[PDB]
Amino acid sequence: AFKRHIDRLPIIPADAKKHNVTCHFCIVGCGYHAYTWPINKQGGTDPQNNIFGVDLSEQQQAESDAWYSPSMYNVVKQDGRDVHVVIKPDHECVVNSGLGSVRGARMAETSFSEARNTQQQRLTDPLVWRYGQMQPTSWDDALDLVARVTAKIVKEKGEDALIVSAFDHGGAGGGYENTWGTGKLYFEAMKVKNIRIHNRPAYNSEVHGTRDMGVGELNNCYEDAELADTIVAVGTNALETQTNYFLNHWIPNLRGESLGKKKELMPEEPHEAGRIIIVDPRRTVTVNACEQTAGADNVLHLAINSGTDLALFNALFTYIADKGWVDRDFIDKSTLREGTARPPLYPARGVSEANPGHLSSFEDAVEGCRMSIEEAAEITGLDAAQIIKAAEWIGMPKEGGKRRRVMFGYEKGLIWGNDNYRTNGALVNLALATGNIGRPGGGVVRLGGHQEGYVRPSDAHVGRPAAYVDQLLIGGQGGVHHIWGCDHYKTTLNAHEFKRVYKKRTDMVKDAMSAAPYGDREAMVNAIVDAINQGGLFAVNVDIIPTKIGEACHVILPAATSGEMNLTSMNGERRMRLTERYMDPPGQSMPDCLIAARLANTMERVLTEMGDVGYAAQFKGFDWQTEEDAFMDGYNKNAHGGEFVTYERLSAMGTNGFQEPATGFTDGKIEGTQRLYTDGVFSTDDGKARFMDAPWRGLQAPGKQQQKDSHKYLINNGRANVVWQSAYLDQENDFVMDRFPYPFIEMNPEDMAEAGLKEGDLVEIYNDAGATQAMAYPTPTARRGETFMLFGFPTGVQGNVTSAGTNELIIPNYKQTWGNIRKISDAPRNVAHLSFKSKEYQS
Amino acid sequence: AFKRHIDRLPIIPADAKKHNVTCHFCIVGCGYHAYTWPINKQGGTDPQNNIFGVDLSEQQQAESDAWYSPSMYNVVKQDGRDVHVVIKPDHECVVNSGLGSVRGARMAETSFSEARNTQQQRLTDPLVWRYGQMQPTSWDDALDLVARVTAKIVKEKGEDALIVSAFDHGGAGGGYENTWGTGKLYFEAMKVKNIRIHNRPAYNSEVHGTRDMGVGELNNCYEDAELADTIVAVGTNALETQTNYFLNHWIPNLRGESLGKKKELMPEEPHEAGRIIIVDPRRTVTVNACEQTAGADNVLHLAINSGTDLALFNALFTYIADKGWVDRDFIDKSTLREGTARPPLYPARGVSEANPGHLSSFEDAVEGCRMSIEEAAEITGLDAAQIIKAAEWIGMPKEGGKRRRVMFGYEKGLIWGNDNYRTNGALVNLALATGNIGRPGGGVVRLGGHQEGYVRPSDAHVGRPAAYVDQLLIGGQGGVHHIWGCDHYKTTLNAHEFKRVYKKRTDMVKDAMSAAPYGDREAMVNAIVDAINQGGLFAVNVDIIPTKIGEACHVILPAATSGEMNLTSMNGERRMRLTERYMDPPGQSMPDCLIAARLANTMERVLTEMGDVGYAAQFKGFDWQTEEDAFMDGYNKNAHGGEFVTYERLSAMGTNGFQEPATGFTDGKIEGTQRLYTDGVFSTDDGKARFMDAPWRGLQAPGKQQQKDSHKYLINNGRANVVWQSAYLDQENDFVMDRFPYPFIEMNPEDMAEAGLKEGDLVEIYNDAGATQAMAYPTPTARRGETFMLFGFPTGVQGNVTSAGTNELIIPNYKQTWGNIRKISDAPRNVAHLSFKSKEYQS
Amino acid sequence: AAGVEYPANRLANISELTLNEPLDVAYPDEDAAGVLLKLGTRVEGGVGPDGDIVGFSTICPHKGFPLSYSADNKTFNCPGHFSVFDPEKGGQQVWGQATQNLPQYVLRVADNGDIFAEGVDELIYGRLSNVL
Ligand SMILES: Nc1nc2c(c(=O)[nH]1)N[C@H]1C(S)=C(S)[C@@H](COP(=O)(O)OP(=O)(O)OC[C@H]3O[C@@H](n4cnc5c(=O)[nH]c(N)nc54)[C@H](O)[C@@H]3O)O[C@H]1N2
Ligand SMILES: Nc1nc2c(c(=O)[nH]1)N[C@H]1C(S)=C(S)[C@@H](COP(=O)(O)OP(=O)(O)OC[C@H]3O[C@@H](n4cnc5c(=O)[nH]c(N)nc54)[C@H](O)[C@@H]3O)O[C@H]1N2
Ligand SMILES: Nc1nc2c(c(=O)[nH]1)N[C@H]1C(S)=C(S)[C@@H](COP(=O)(O)OP(=O)(O)OC[C@H]3O[C@@H](n4cnc5c(=O)[nH]c(N)nc54)[C@H](O)[C@@H]3O)O[C@H]1N2
Ligand SMILES: Nc1nc2c(c(=O)[nH]1)N[C@H]1C(S)=C(S)[C@@H](COP(=O)(O)OP(=O)(O)OC[C@H]3O[C@@H](n4cnc5c(=O)[nH]c(N)nc54)[C@H](O)[C@@H]3O)O[C@H]1N2
Ligand code: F3S
Ligand code: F3S
Ligand code: FES
Ligand SMILES: [Mo+4]
Ligand SMILES: [Mo+4]
Ligand SMILES: [O]
Ligand SMILES: [O]
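Residues numbered from 1 in each chain as written, not as in the entry; some residues may be left out. Chains lettered and ligands numbered in written order. Part of a larger assembly, values for the part shown. Heavy atoms only, no water.

### Looking at the interface of chain C and chain B
Much of the literature gives interface size as the accessible area that the parts lose upon coming together. What counts here: In this description, contact between two residues means that some pair of their heavy atoms is separated by no more than 4.5 Å. Summed over both partners, buried area is the accessible surface (1.4 Å probe) that two parts give up on being assembled. The term salt bridge refers to a pairing of a side-chain nitrogen on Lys or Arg with a carboxyl oxygen on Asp or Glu at a separation within 4 Å. Throughout this description, a polar contact denotes any pair of N or O atoms lying within 3.5 Å of each other; where both atoms belong to protein, one of them has to be capable of donating a hydrogen while the other can accept it, and for residues adjacent in sequence the pair is counted only when both atoms sit in side chains. Under the scheme used here, helices are H or I runs from DSSP no shorter than 4 residues and strands are E runs no shorter than 2 residues, and both carry numbers assigned from the N terminus. Note on residue categories: nonpolar means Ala, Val, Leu, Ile, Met, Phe, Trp, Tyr, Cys or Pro, charged means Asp, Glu, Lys or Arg, and polar means any other residue, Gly included.
Contacts between chain C and chain B engage 51 residues on the former and 57 residues on the latter. With both chains or domains summed, chain C and chain B bury close to 4,500 Å², and 52% of this area falls on carbon and sulfur atoms. It is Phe82, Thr99 and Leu128 of chain C that lose the most area in chain C upon contact with chain B, and together they represent 19% of the buried surface on that side. One can count four salt bridges joining chain C with chain B. Scanning the region where chain C abuts chain B turns up 41 residue pairs in polar contact. Put simply, the parts of the chain that give the side of chain C that touches chain B at least two residues each are β6 (75-77), β7 (84-86) and β8 (92-95) of chain C. The leading source of residues in the side of chain C that touches chain B is β8 of chain C, at four residues. Classifying every residue of the side of chain C that touches chain B by side-chain character gives 20 nonpolar, 21 polar and 10 charged.

### Quick notes on the pairing of strand β2 (residues 31-38) of chain A
All names here are of chain A. Note the cut-off: The buried label goes to any residue with under 20% of its type's maximum accessible area, the exposed label to any with over 50%, and the partly exposed label to all in between, with areas taken from a 1.4 Å probe on protein chains only. When DSSP finds two or more bridges between a pair of strands, those strands are recorded as paired.
With respect to burial, β2 is a largely interior element, seven of its eight residues being buried. Relative to β2, strand β1 (residues 17-22) runs antiparallel, the two being bridged by six bridges. Looking at β2, one finds that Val21 is bridged to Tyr32.

### Remarks on the packing of helix α6 (residues 243-255) of chain B against helix α8 (residues 285-294) of chain B
All names here are of chain B. Counted only if it meets this: Structural elements are reduced to axes, namely lines fitted to C-alpha atoms, with helices fitted over the stretch in contact, and the angle between N-to-C directions of any two is expressed from 0 to 180 degrees. An angle below 35 degrees is read as roughly parallel, one above 145 as roughly antiparallel, one from 65 to 115 as roughly perpendicular, and any other as oblique. Definitions for this section: a left-handed crossing has its near helix turned counterclockwise from the far helix by less than a right angle. A right-handed crossing has that turn clockwise.
Closest axis-to-axis distance for the α6/α8 pair is 9 Å, and the angle between their directions is 40 degrees. Looking at the two axes, α6 sits oblique to α8. Considering only the axes of α6 and α8, their crossing is right-handed. Across the interface between the two elements, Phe246, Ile251, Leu254 and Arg255 from α6 touch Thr286, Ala289, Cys290, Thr293 and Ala294 from α8. A breakdown of the residues in the contact of α6 with α8 according to their chemical character gives six nonpolar, two polar and one charged.

### Focus: the site of ligand 3
All names here are of chain B. Put simply, the rule reads: The near set for a molecule or strand comprises every residue that places at least one heavy atom within 4 Å of it. Under the convention used here, a 1.4 Å probe and the Shrake-Rupley method define accessible areas, while residue burial counts only the protein chains that appear.
As a structural note, the neighbourhood of ligand 3 is formed by 29 residues, with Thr491, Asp543, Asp592, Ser726 and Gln798 the closest of them. Contact between ligand 3 and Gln798: a nitrogen atom at 2.7 Å from a side-chain N or O atom of the residue. In the complex, the protein chains occlude 98% of the 920 Å² of accessible area that ligand 3 would expose alone. Elements supplying a minimum of two residues to the shell around ligand 3: β16 (538-543) and β17 (555-560). The class makeup of the residues in the shell around ligand 3 is 10 nonpolar, 13 polar and six charged.

Okay, here's the thing in structure tokens:
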């Protein structure tokens, strides 16, 4: 097991500088502080000599604010000088209450340090493909080349020849400054249609369903998870994927800690310890934790068949409506009453590709979705009794016939799950019918992935459905690709075919650049455009590390991330915070919004020189010199309630910040919105929510049923607790890579015995889409024929065996994947040190 | 300026484990010790508690043994535990006398550490190209793939289809164990013709010239540099490139420190302080150091024109002969007296490509070489009075008619210089004529590059001249390439064209392997061979880091280097030492010799399965389980005097070891050879040295005169004192990369001003062969029209502008390169922090 | 106890410094020879109103040879093995056998112009702890 052998840390001195830091990583947005002090200085054991005011010569007891781990300590550049830094979870943040996940708590250790030699992989310099390999160069030179090629191609073949892949998320690698910078460049100055997002291959929403129904997907507050009678958790592994929301808010509900608060905030109705329904085909550590804290009797794990959520939801909606277990008053006053005619091709297909489901009244949706317990048990594989109990835990009035309070949280098991649009609607149906939107203990919400920090111009030119960007590239279309803060080689669908063709097209342009003289920049640009005109691709990567897709790119621009820049973003309850810059960018690396600005400056200059003064003028309005200029040109001017928000005010609010939208500023406090839709006015023209007439139609994406029937195992996929995303930082972190040097594939031990596999064995997963590798991890809780592979991993990409298959709105159905498994090799030697024991906690 | 901010190092305890370590790096082979102790123990400041028996609470004075810098300290794995390690120069080693260079003093911080995060680039696992990128795998899997593709291709197309690039040098990435293991696989088990060496594109000697004459190139000891009357240093920058040989042995001579030892060892003649001739077109820090320690009076810097050494030497030879400043008895007793007829094609060409120079008597050579002082002055651009004075400093007798003692030293200014075979010969003529071989104060020697550690089966099958391997590869020949411990992408000649074609050919095999099923190995193998048959190349890289040529390779195998293994090598004195293992290989990396044995064992199995037991049996004799097995099978059985040398005996003799060849073993002491040719019997069938009839014939390599005539600047090239070789370790060492993030090109300030160039500017050097980049470094001492570019550097490869031009024996003529210089961009911001002052020390 | 505890020692006054003339100093004790130096230009680590006052250990980090200043090039020069250090660029080894750039002092200028050393950025020659 990897041990740091750091048996002593510098003590934070009492005059250390404090910065407010939101966690870089997941949706929960746990609060932290960065304490920096000069190298050559330290605090002392005595109370007046340390930031804690505490005698550090004494053992601290459990949950002490007066400790930190090695992973929280480092040395970084601040204003050109080496400083000590501790990045430490904030005890007074209501989000986390001093909790740090295995991810946030290693923010420090995953910061760039020359002095302590952490994350030396970090990009410090622009790189260009010339003289037979990648070569470092100046910003002026690299931007000039990107500008000249991008300008020539757009001018000869139109903006449709420019392909963009960019984050749209918050936190490190997004936020309001960065999305606005990128957004303004490609949507204001240009009208790029052929743009995709970090996690899906078109410019679409994850959740058009809930939005079309007029319910924004982040409509509750984290306290609602404390106040609910029942949590409904669909396609979420929250202990692993929303750790500190689960631990600091769901848990207190389940072991009865929130009872006092419930009785105080909601007197005149009964209250008992929260119960939880988990809809997930896989038994996760979350199911285990729930059983362990609430007792097995207060946990209903619906281990559905993969891709059968919609059947379950329709059946619950049907049962709940027939019983009259609904909020009549909420339905009559806040939802659409005027019935509406089913489209011609219903139920199999919606009216168009744009609108897969039928928006309607309560009564119409009940009749359209209508499904019996008997039918849903057959489809889902559940007992009738499990579906009835679930309807009871969701809908049955409490003693005195008081409405049951239910929080419905979903994530990627639904969103990357079967029939995204109708399944999303079917769940919202359940929350609308039970009046569990806009009220204490309620909500129908995305539990989320990244934090949120989206503000951009109109995207109306993109269309709906939007262009399937991967299929464009794979089919030889487009001339220039700008990639920002995503790595399709590890994370796109159909990733094997994607890499095969992406390598070929970028190689054509690499070969041309290697044979052309660079010193005559006009000859170079000509060779590149001539190769593009033969079906080649010129590819520009903006990132913080050498990416997998970067191995195929011609130009690489180094970015600075959260903590090396100021950054704004909101969490899963819309809690906006400012991360206050505590360190310098590594080398000449610069914030994404400013790279966007600098590139717009270069496009303007280059388009002037080419003649076209009209097109050149479109790249004006990018004179930003700090990220705060992006914030003020973007969020402040364009966000709902933006007028009330500045860095200075956000700073004052600290790691508790405020819940968007901001309603006012008064007495040095931004005034926020604790919950959306409390007045029962929804985000439609006429202010009523729509229900969804959303009948089950089996597996909806093309080839999916064929793939299931022709392959032996379900290749379920998703997150590990230890790993952050595509392991872009974790790959140079000995703590993580010591645990999983290969991606695990969780396999039933009987399934392993039958296939001749032992723990640690390198296996190939193969199907119609492609092939990949993983390390076999015996998992007693795995159902026979069902495996789970860690997604996005550099040493075995699960994406390689996902099909091109999407729903009508180009939503990648990653979770419904089936494949075969055969041994490549006996357990490699580098895996002998691994624990293969159960991840499930035991009493 | 990069600062470590390490205020304090652990004290080596009294009971630390001691290991004899020779420097990993240059020929000099400075003695060190590695002290290791448990991570949870340390030494005390009191004498009884540290390794020095000294009170460390008190400041130590200049040249203290009881100090070590931060770069000499790390934490490393030993028998699977973290230990402290200090790698310190041995004060008691006769080579260095406790000196460590800027290179050897950072052995510890260029070691692999998980705990202190040093050299995380180091390879831990076998990598195979599959699923669209490089993927870690098992040894068994990787070796099976390499062997199945190798066995199939040599079975189908012959051994001539297997191409090999491999180290032939000593120290780290070489040595007796590793040259033997690779040599036995490719020359015993097989008869590989199409093999090149790490620094030259055929299987040839750097110095056929001296060797054909019967003078092995390492014939003296380091003491002779202390005892010479004159040192003649030809195309050596010894202060940068042979640092502690210069500092610990040349300096004492030039300063008179040596006078006492001279008088004790050679009474019966006069002795003044040593003088020095430096033949180098460029004024180095070596010229400066010599002036500053012996005064300008005692230093003759002959700033010859590029590649005219042969003219200078023929004129010195002529002048010395005509004066009778020659050892008449040596010539008559120890050299060839028999006249022999010039070849028909003389003097333009030799008797063949194989023999470009004519071996003869003293008198035939003088008449052949015959050149006037006037003519050499024309060619060299020296003044007559410089050449005449150089003659006097070499030839003219001392007071009592006594012989002047002259050590003649050369390296890559000659060897990579014009007409390698003849220039090498012309220099040996001078040392032969003056009886300066096999006497105290004498020698005509390579000053060296790496340490030496060569033992291999016969290479008779390879031929002379041998195959120009790079031209075979560029011309689309060969199927499989095994690359061991070299990186042609940074260090070969004609490197731009090499990379253009190497990428296309390996790309063809990559596309095939991305498109084929891996888990079915036979189909993977057939897709590879079909791609090879279309003109592809399958490439295997054996290295310690991800190389530049490794970005084109299909299999990477991870090697363990010196210190992670026992390693034997000898210095430029033939001083053989054992480097004793002090640490563990990173991850699963294994010594090169054991990789060769494992590949041999796999070749045996694969060939047996294909049903060729006869070919399979050739791959026996590779049952080695440790590097010592390779030493005993190789050096012990095959080296001259090998039967006297074992690890145990070598260990007992410490960092002073013994000079090869070993003559016997007497009470715990291997007896060695201080000097070669002391009995005047040379390495020829009859025991006579031959002189060389070596007439000047201009720039002899094809296209060189054309390249001089058609380009504005000389692109001289070679070493920086800070940089070790191709910066394979240095590129992840902040100290080195802080100094030169770009390779410097030394340019005259007047030349820079005329070209609109300022300090730091990024410039393209381009010519007929290709193009590359460097950072302009203003150098007052540089002659106008004459630049010097750091070689082998990842961030700008000088090799790109070197032509394919070799001499008749396929020696690469790197140093005679001319190209044009244009600006790429203004000084990048990452050079702003650089010092641009003179490297020349000022009194 | 985790870090080295550096004394805040008085070295000189800003008034004691002549442009380009090293003032010989000891920090962090008597046996750690160094200099203060005004450079007449704004540079890395520089203090005082012009930001041109720097402090360096002046014992070669290679083998402990006392260094010597060249006023013409503004470089420390080692007569031991010919190392050159640039105190205009943070004491970068311009050429040399040290594995360290020249250990440099953390200077603070108080109101009266008294100059203080609070630490060193590299390991001083001949001590395994900067504070002994
Ligand atoms: N530790 C860690 N946390 C993270 C991240 C990370 O990389 N590591 N990344 C963040 C990001 S960007 C995101 S998007 C979120 C994702 O957070 P989650 O969506 O919670 O995580 P996943 O592992 O993608 O999938 C959750 C569950 O979906 C289940 N599932 C699979 N197929 C189906 C199906 O058909 N129906 C249902 N109902 N469930 C199904 C899986 O069994 C799995 O347990 O996590 C965020 N947090
Ligand atoms: N099979 C399967 N595939 C999936 C999923 C799944 O469940 N199953 N999940 C999908 C989901 S939900 C997601 S979120 C995606 C993730 O897909 P990606 O976005 O490709 O994955 P990340 O690892 O988050 O990629 C972030 C990249 O941005 C870089 N980066 C970090 N900080 C910065 C910064 O400040 N600026 C810039 N310019 N770059 C920065 C990182 O180094 C990294 O290369 O994967 C998707 N893929
Ligand atoms: N223009 C020009 N070109 C030149 C020269 C010149 O003067 N001018 N000089 C030439 C000369 S003299 C030389 S020596 C060559 C050098 O040419 P190369 O040999 O290509 O250069 P090195 O950097 O020594 O390469 C050593 C390689 O071996 C790897 N390595 C190190 N240790 C081990 C080990 O234990 N095992 C294995 N398997 N690999 C290991 C390193 O990671 C690195 O990739 O360059 C030549 N090229
Ligand atoms: N610091 C350091 N030391 C090293 C190495 C390293 O990488 N770094 N590598 C080692 C190795 S493998 C080697 S081979 C040696 C190389 O050691 P050297 O050969 O001493 O070094 P180079 O810098 O290659 O070239 C020596 C000199 O040749 C001169 N020269 C150029 N053209 C001519 C010419 O036509 N005639 C003459 N007479 N001189 C000419 C150059 O100006 C240069 O000063 O260094 C070894 N030691
Ligand atoms: S620490 Fe960070 S990763 Fe998520 S659970 Fe808290 S925000
Ligand atoms: S320390 Fe090493 S690099 Fe050469 S000069 Fe001595 S062997
Ligand atoms: S002590 Fe200064 S260079 Fe050796
Ligand atoms: Mo996500
Ligand atoms: Mo060499
Ligand atoms: O996401
Ligand atoms: O060499």
